[PDB]
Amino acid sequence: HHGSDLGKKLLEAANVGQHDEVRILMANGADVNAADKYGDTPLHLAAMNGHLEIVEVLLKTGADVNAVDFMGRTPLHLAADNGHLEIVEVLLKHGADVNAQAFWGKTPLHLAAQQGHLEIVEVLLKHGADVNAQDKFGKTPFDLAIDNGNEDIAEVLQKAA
């Protein structure tokens, strides 16, 4: 199937950061919200892998900013977990759900706090991230920061409560 094949190619181009190819495939008619076997869209993969320019052009061409994959992850979860600050900012600008819950109730703030991404924690907080959000263990982002020895983030979350 032609259309499905274009989607597959778009997913791969977004995954590996081939910006010109992403643009060509969109012009060919590739579905910007094509999904792979794991429910990831091109925006998920570009966000996860730090491809900012691709993230921008996908959003400009109708990508679902709040697409959800097989384990409940949104592009914002992926950018936050992987430390891509600029991508976090552009996703939020485009209406990303700041408190979306992935599997086990994990929010983007949980993941940024866990992974030690201070600047991302701060931007999430500015956009209304829920400091009191509990995962299915009962852990807040503060608890994850503490668990991982990220005391600067723990202090920030403490004073943000």
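Just count from 1 along the sequence shown to find any residue number.
A summary of the deposited B-factors shows that, of 142-150 and 8-16, the stretch with the larger mean C-alpha value is 142-150. Checked against the record, the higher mean CA B factor of 101-109 and 28-36 lies with 28-36. When the C-alpha B-factors of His44, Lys136, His51, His94 are read from the PDB record, the largest value belongs to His94.
Among the modelled residues of its chain, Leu125 has a C-alpha B-factor that falls in the highest third, as given in the PDB entry.
Sort the chain's modelled residues by C-alpha temperature factor and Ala80 lands in the middle third, per the entry. The entry lists a Cα temperature factor for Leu118 that places it in the highest third of the chain's modelled residues. Looking at the C-alpha B-factors along this chain, the one for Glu56 belongs to the highest third.
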